[PDB]
Amino acid sequence: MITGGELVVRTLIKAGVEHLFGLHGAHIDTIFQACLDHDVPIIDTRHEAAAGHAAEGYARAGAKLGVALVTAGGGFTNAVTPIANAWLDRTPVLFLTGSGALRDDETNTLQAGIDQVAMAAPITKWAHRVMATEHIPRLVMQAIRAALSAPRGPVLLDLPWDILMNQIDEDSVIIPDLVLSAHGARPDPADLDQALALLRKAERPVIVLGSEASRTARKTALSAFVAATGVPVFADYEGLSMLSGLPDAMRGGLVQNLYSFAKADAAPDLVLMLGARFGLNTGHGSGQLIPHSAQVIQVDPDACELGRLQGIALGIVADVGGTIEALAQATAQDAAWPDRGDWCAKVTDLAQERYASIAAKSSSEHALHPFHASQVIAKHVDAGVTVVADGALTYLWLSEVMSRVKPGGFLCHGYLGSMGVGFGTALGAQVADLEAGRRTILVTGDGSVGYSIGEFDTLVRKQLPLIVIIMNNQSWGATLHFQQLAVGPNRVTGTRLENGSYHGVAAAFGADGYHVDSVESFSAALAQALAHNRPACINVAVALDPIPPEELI
Amino acid sequence: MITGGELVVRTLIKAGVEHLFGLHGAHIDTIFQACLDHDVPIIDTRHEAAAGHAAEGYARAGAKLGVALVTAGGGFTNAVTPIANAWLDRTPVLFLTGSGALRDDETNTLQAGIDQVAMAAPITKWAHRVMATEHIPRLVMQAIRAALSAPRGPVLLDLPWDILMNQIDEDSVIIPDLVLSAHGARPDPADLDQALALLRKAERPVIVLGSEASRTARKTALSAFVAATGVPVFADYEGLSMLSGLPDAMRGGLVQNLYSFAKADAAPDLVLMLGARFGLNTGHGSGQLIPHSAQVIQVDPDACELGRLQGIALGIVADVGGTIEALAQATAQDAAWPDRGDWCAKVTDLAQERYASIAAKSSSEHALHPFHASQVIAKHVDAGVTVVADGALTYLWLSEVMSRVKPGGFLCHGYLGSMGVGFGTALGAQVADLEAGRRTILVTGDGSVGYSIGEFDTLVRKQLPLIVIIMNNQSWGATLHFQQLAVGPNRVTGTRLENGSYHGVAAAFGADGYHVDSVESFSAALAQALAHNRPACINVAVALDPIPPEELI
Amino acid sequence: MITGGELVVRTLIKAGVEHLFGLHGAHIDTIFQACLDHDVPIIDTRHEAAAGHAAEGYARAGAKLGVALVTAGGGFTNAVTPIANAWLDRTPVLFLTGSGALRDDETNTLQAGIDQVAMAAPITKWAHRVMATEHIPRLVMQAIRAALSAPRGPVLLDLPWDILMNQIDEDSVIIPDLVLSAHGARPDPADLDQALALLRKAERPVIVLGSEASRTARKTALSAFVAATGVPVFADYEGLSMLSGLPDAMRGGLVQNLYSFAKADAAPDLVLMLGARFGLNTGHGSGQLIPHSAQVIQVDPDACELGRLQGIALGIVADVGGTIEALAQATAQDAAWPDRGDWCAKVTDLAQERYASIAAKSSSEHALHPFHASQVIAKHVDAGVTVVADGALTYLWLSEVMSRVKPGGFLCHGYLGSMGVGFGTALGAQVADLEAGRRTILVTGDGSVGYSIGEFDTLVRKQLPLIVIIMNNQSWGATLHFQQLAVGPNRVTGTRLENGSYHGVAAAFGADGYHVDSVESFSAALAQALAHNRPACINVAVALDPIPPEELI
Ligand SMILES: Cc1ncc(C[n+]2csc(CCOP(=O)(O)OP(=O)(O)O)c2C)c(N)n1
Ligand SMILES: Cc1ncc(C[n+]2csc(CCOP(=O)(O)OP(=O)(O)O)c2C)c(N)n1
Ligand SMILES: Cc1ncc(C[n+]2csc(CCOP(=O)(O)OP(=O)(O)O)c2C)c(N)n1
Ligand SMILES: [Mg+2]
Ligand SMILES: [Mg+2]
Ligand SMILES: [Mg+2]
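Residues numbered from 1 in each chain as written, not as in the entry; some residues may be left out. Chains lettered and ligands numbered in written order. Part of a larger assembly, values for the part shown. Heavy atoms only, no water.

A. Geometry of the site of ligand 3. Neighbouring residues of ligand 3: 26 residues in total, closest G391, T394, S448, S475 and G477 of chain C. Lying at an intersection of chains, ligand 3 is approached by residues of chains B and C. In the environment of ligand 3, a nitrogen atom lies 3.5 Å from a nitrogen or oxygen atom belonging to the backbone of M419 of chain C. In the complex, the protein chains occlude 97% of the 590 Å² of accessible area that ligand 3 would expose alone. Among the elements of the structure, helix 4 (74-78) of chain B together with helix 15 (393-402), helix 17 (446-449) and helix 19 (477-487) of chain C are those that each provide at least two residues to the shell around ligand 3. By residue class, the composition of the shell around ligand 3 is 6 nonpolar, 18 polar and 2 charged. (Near = heavy atom within 4 Å. Polar contact = N/O pair within 3.5 Å; in protein donor to acceptor, adjacent residues only side chain to side chain. Areas by Shrake-Rupley, 256 points an atom, 1.4 Å probe, with all protein chains shown as cover. Helix = DSSP H or I, 4+ residues; strand = E, 2+ residues; numbered from the N terminus. Nonpolar A, V, L, I, M, F, W, Y, C, P; charged D, E, K, R; others polar.)

Next comes the structure, spelled out in structure tokens:
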């Protein structure tokens with residue numbers, strides 16, 4: 001005789017999950033008991049939103065399934081921002097929630113009576129309420145299959161208190177394996193051929209990676225394909241870390257710096273989009289990054305994304321990882337590829353030029369320029385580090401130093417653009433980075449850090465050595481800029497935050513707190529915090545007036 | 001200057017659509033005007049349900065996109081049953097609906113004020129309301145891409161009266177092409193290898209086809225793969241017609257007759273499921289058709305379906321058509337395949353034995369046995385015929401004669417099990433069959449025909465030579481059987497239909513009407529109607545008491 | 001030991017329901033068995049849509065709860081149009097639906113796996129799935145209270161097959177009474193005073209009744225209020241029959257004929273709206289019926305409706321029935337009311353003038369004018385007759401003769417404006433009219449009758465003596481008019497219906513069939529059918545070209 005909670009955890013074990021992120025409630029205590037018995041850690045936070053964002057972080061930074069665990073009612077409703085974020089970001093999280101007992105349904109009782117499945121339906125791949133304890137294993141496994149397959153996304157499994165506490169005889173119900181191929185589907189040989197023929201006869205070809213390249217992590221395949229063709233590779237934020245293993249001469253970097261190419265007479269001839277959607281990060285349908293004049297080969301698992309905002313030449317529905325593999329295989333059997341050395345140097349030179357351009361207009365005459373601050377962070381970024389970015393102006397500036405470095409992970413806002421998401425995200429990422437030997441750095445704004453500032457307590461309780469760097473410009477920055485730029489100099493309201501010692505908050509939570517206002521003071525602080533196996537907060541006084549290039553766009 | 005309706009039709013044209021199925025309304029009259037101008041026929045019915053099912057029938061029988069067109073309000077709400085059916089049936093239909101003008105939203109006006117998108121969300125791949133006339137082309141095309149890619153399914157595009165009537169200058173908005181590869185994704189080489197290895201070392205292997213094999217229609221690939229391996233092939237209803245081109249010795253027929261295999265000591269060793277889900281048609285998780293002892297290779301575009309009710313050996317998420325192609329390609333390069341002649345003969349003999357078994361207990365001592373009736377239909381079934389089946393007992397009987405024939409199409413109930421769906425389905429099918437030179441026969445129940453009996457008018461108006469065969473047992477038959485069988489002999493209520501001359505109704509609508517009660521009278525009637533390029537109704541008096549084998553299950 | 005189906009029926013009994021309207025299915029057979037045992041008739045139709053509309057008709061014509069009963073899957077989806085119609089019409093129907101068993105949820109099984117509750121949520125007052133058999137009584141009763149209270153509306157109760165078949169010991173679960181006051185809430189005395197003060201100092205005051213006056217049927221109170229004040233009373237379609245008991249001199253008739261009042265210098269001074277919403281029937285916010293210059297007193301149970309499209313003077317949220325009562329009570333204690341005889345005559349004269357105006361332009365030079373046809377129906381309309389109206393042009397013409405007669409019921413399209421709804425509606429109404437001794441006449445279009453033409457069978461099987469009058473103009477009339485009027489003379493497509501003997505269809509179903517083409521032939525036919533306790537169809541050949549005054553609007 002065992003509980004439905006046991007059933008959940010036994011299935012999670014068989015799926016290979018090793019960590020869950022949650023906040024306790026009576027409704028879901030059978031899952032806690034089971035995890036205690038099985039030595040499965042639940043990283044318990046101070047807010048369900050932080051718990052959900054940790055699950056995302058864990059998934060995004062480890063390329064794993066993330067699992068979030070929340071109680072009925074407010075437990076679920078506090079998880080909604082994570083679910084929506086993961087939905088837009090194509091990130092694989094199983095959200096497990098409690099709900100009211102099915103017996104005594106519709107009795108106006110504690111934490112019951114909200115349609116949690118209806119609320120999640122618009123923003124999950126699947127959302128469903130379990131009706132019987134016996135169904136737990138097959139439904140947990142089905143939810144996980146939905147989460148993990150292309151395009152990845154969140155799933156909500158709602159488990160009534162009733163269903164969880166009820167006891168059945170183990171050995172009346174079978175726990176299935178996760179039987180799902182790890183290699184995705186790949187293009188038809190004729191599409192691959194055509195794609196390769198177009199790639200071969202292009203003068204200025206370019207590859208753009210998006211989130212699905214990251215989720216599948218086919219690093220050795222990518223790098224064989226890139227080495228054979230010499231075609232320079234860009235990424236949106238989520239795909240960036242997939243460039244870390246490529247040879248320098250073909251790291252184009254973040255797609256944004258594709259911006260100035262047209263006016264340099266170097267607008268790409270052809271673009272191979274591998275899970276990079278037409279939208280915010282790729283410049284919508286504007287043709288400012290992905291030129292209207294270019295032939296586009298788009299590979300996405302969702303047919304809707306294929307040429308959504310712009311005409312394309314070849315539309316392939318397939319898995320991105322499977323496709324990368326296929327390109328490598330076809331390309332190992334090839335080796336008649338034109339040089340592209342000149343084109344690669346041009347790509348390199350343009351990225352380099354934007355950087356030096358920015359550098360030529362940055363200061364400290366009584367105050368630290370956000371670009372200078374980002375540079376200080378940049379010199380510590382390599383494959384042994386995951387960078388998590390939050391807070392508008394902060395990350396638009398940070399982005400300019402991200403292309404020339406090679407992070408193990410880079411986790412920035414997706415389409416949701418939700419301020420505050422970073423803290424939970426970074427905490428989940430650090431958990432995943434512990435097995436891989438990486439340090440997680442969170443770079444956030446003074447506004448954004450306030451959303452989840454209580455997580456400092458969690459960092460100390462759980463001994464997670466996350467470094468939280470706050471770019472402190474005394475304001476909701478991008479948003480203050482909008483008011484001045486779009487309305488007028490004296491139209492600034494509700495956008496100032498001229499109060500609060502954030503390092504003191506961290507100190508009062510047990511975390512090491514630093515405050516800095518200079519290139520040299522910040523440098524020393526970050527170095528000292530990296531040297532300690534200890535969580536930290538670095539409160540960086542930074543100038544507000546400078547406008548990052550990406551903002552004017 | 002052109003209308004939003006023009007924009008819709010121009011985009012449909014470029015997608016290659018050649019017929020729409022609808023019922024007129026003022027709200028959507030711009031689409032009618034445009035179709036009139038471009039010579040695009042709209043097949044207008046007597047009920048939006050019939051229109052919607054016609055779109056299904058056209059898609060299912062032509063392996064094409066089907067397009068339904070309904071007005072705001074009741075237009076949409078009448079279309080809901082077709083949407084749900086297509087959803088469960090993985091059938092590609094674009095449902096185009098009017099809705100209230102966005103200007104004067106929330107003014108309690110005619111046909112406005114129901115959230116049509118919210119209603120369709122639970123049963124569509126995508127459902128969305130267009131907000132601007134300029135968006136019409138990219139959104140129509142996006143909707144079509146979603147409909148057509150794996151697994152196929154319905155899509156609802158809601159077009160406000162406002163948005164449709166409003167005029168823009170053509171040449172300010174571009175009409176995209178349909179750029180979407182026609183070949184689906186295929187398995188990773190290593191998964192294919194493993195699948196083929198398991199297939200090669202099996203003793204009693206079996207292939208089971210489901211709806212996706214049918215949507216992709218890779219007939220020449222399938223038959224090359226079957227010819228190379230000699231592996232017998234079964235299908236659920238929707239997959240059946242895909243067996244019409246295979247050599248007889250490997251036509252297992254409908255999956256149901258896999259039922260008696262276990263007790264004959266011939267339970268399959270291995271089963272290759274190509275788009276056949278675990279569910280109603282495959283015997284759920286019971287192992288009565290797909291044995292628990294068998295190794296299962298499942299190929300489905302939705303990872304959810306992979307081993308949903310039962311353990312599997314290999315779970316591949318890929319397109320079924322692309323998979324079939326890949327198996328043919330790998331299998332042309334092979335030709336070292338074990339005989340399977342004995343096994344195929346065994347498959348053959350079991351199917352044949354079930355048939356003769358049924359035949360040995362069927363009569364006419366004053367009344368025509370439903371099996372004998374089905375046989376009369378069978379002798380007219382070949383590649384030049386699409387059979388559409390409705391009505392419970394009718395189709396459970398019909399199913400027993402469908403395995404030994406080779407129809408160009410077989411369209412039966414799917415998971416929805418919705419009585420009455422057949423009439424509109426057969427009407428759409430007949431439209432698709434006209435270019436292919438086929439005849440459509442509908443075989444339906446006296447109950448089910450009453451759902452859409454007015455479509456006889458549409459047959460006559462539109463000169464569609466459909467033959468409507470009514471198995472008339474004076475009742476909602478299966479449903480009456482349930483009452484006697486599950487409750488008791490004198491517990492029959494609301495299930496009798498002892499009234500109504502259905503051939504008369506057809507005659508009053510201008511269609512040729514026949515009434516028959518015998519093997520010989522029915523035979524003559526069907527032959528005569530097949531000989532005429534004319535729609536017909538054949539009212540067949542048939543016995544009620546007999547229980548089809550499938551019913552006891 | 002008893003079934004959940006028993007529980008449903010026992011609770012329905014205690015609520016006082018005496019008829020259900022449904023179509024049988026195995027999933028809901030426990031309800032059929034129970035009704036058979038308790039002598040509760042289920043009127044079984046040929047389409048769930050018809051069943052649902054019958055429930056509406058029964059409720060709308062009897063001022064009762066209507067109860068509809070449909071099976072899982074297609075049974076529910078076919079009911080959707082009735083649900084939506086009842087939603088916009090504020091009509092009290094309990095929709096009881098089957099759904100798949102909760103055990104074996106998510107097994108891809110027959111008729112399961114569509115989120116029926118999600119589909120109904122956007123168009124019900126409450127929609128809910130029952131989780132335990134013990135909950136059936138309290139939940140049925142809850143559903144009924146929701147349906148019956150102000151503003152009335154449809155409710156969906158979803159009862160899994162599981163839940164219905166499962167057996168419990170009766171006497172372990174109590175069946176509650178319907179304990180819900182029959183008298184609605186009434187306005188605060190101060191609001192009533194103010195309303196009465198404004199009404200007393202008005203020069204040209206007017207009352208407009210809507211659906212909620214009809215649901216509560218406070219006939220004796222209304223007529224005491226009207227007799228005390230001498231204030232003329234109008235109604236939208238649904239409120240019309242509430243005018244049948246009032247003195248002639250204060251019967252303004254349908255609100256539409258308030259149209260010409262402004263240009264006659266007689267635009268109302270003040271309007272007391274009793275459940276009449278701003279919307280389609282009251283001319284939206286246009287002030288063509290409810291003048292912008294008038295002081296408006298609006299009484300509605302939904303605060304949202306209060307001045308939704310137009311400024312009002314006094315907004316009261318209360319029940320319309322309770323309010324009418326309160327006005328009668330306050331007004332019995334009053335009797336100092338200004339004359340209004342002149343104003344009433346003026347109202348009378350305007351209505352009369354519109355009628356004579358129309359009459360002066362109607363013909364038969366080879367063809368029967370729709371107006372003349374309506375007049376033939378009018379001479380049989382009194383308190384002993386319920387009129388049901390369908391089909392666009394048909395009812396816009398019929399409406400012009402409705403003001404001067406006094407029907408026991410008038411059931412016309414509401415906001416949904418869904419063609420075809422009439423047939424089931426009239427069938428339900430005739431069931432309700434049987435206890436009250438009334439005859440039901442359906443007046444419908446040739447288009448609309450096609451939607452549910454099979455119900456002629458149901459009329460014969462159930463011996464319901466409905467008379468179905470088809471205004472046959474060989475077309476979807478209003479819709480063809482729109483094309484000529486809005487697009488052009490030769491822009492007529494998919495709007496013609498030049499085929500089909502509708503009377504023949506009725507005769508083939510066992511109903512008396514007539515066809516007529518003249519004032520005198522129609523007159524004889526209608527009289528003969530009224531004389532027989534028998535269902536009938538009168539196919540009326542009617543001219544198409546005439547444009548009803550309401551159409552130009
Ligand atoms: C949850 C959420 N709240 C508000 C906003 C709107 N918003 C866009 S930028 C911004 C704030 C910037 O704050 P900060 O973290 O201080 O970063 P800075 O721009 O100062 O670097 C706000 C409020 C949002 N996108 N998401
Ligand atoms: C829309 C719908 N209504 C009701 C049912 C329940 N049902 C199962 S079998 C059956 C009807 C069979 O009647 P008929 O069309 O005459 O075929 P028969 O079995 O009588 O040959 C019904 C009504 C359903 N599955 N779908
Ligand atoms: C279900 C539905 N279908 C279509 C329309 C659009 N429409 C406006 S009136 C009308 C048809 C008129 O029907 P009929 O019964 O022939 O009316 P008449 O010819 O008497 O005007 C249609 C189709 C609608 N409002 N609802
Ligand atoms: Mg800031
Ligand atoms: Mg039957
Ligand atoms: Mg008509």
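The structure having been displayed, the exposition proceeds.
B. Region of interest: the coordination of the magnesium ion (ligand 6). Residue and element names in this part refer to chain C. Around the magnesium ion (ligand 6), the donor atoms from the protein are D446 (OD), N473 (OD1) and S475 (O), and they sit 1.6 to 2.5 Å away. One chain supplies every donor for the magnesium ion (ligand 6), spaced along it as D-x26-N-x1-S. Here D446 is found in helix 17, whereas its partner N473 is found in the loop between strand 18 (467-472) and helix 19, with 27 residues between them in sequence. (Donors = N, O, S within 2.8 Å, 3.2 Å for Na, K, Ca; no water.)

C. Expanded view of the site of ligand 2. As a structural note, the neighbourhood of ligand 2 is formed by 26 residues, with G391, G417, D446, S448 and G477 of chain B the closest of them. Within the contact set of ligand 2, an oxygen atom lies 2.9 Å away from a backbone nitrogen or oxygen of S475 of chain B. For the shell around ligand 2, the secondary-structure elements that each account for two or more residues are helix 15 (393-402), helix 17 (446-449) and helix 19 (477-487) of chain B together with helix 4 (74-78) of chain C. When the residues that make up the shell around ligand 2 are grouped by side-chain class, the tally is 6 nonpolar, 18 polar and 2 charged.

D. Here's a closer look at the domain arrangement of chain A. Residues and elements named next belong to chain A. Each assigned domain of chain A is listed here: domain 1 (2-181), domain 2 (182-361) and domain 3 (362-553). Placing a centre on the C-alpha atoms of domain 1 and another on those of domain 3 gives a separation of 31 Å. Counting from both sides, the interface comprises 22 residues of domain 1 and, opposite them, 25 residues of domain 3. Buried surface at the junction of domain 1 and domain 3, summed over both partners, amounts to about 1900 Å²; 62% is from carbon and sulfur atoms. Per-residue buried area on domain 1 facing domain 3 is highest for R46, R60 and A61; these three make up 28% of the total on that side. The salt bridge involving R46 is made with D457; its shortest N-O contact spans 3.1 Å. One can count 8 residue pairs in polar contact joining domain 1 with domain 3. (Domains from an automatic or database assignment. Contact = heavy atoms within 4.5 Å. Buried area = accessible area lost by both parts, 1.4 Å probe. Salt bridge = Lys/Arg side-chain N within 4 Å of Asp/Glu carboxyl O.)

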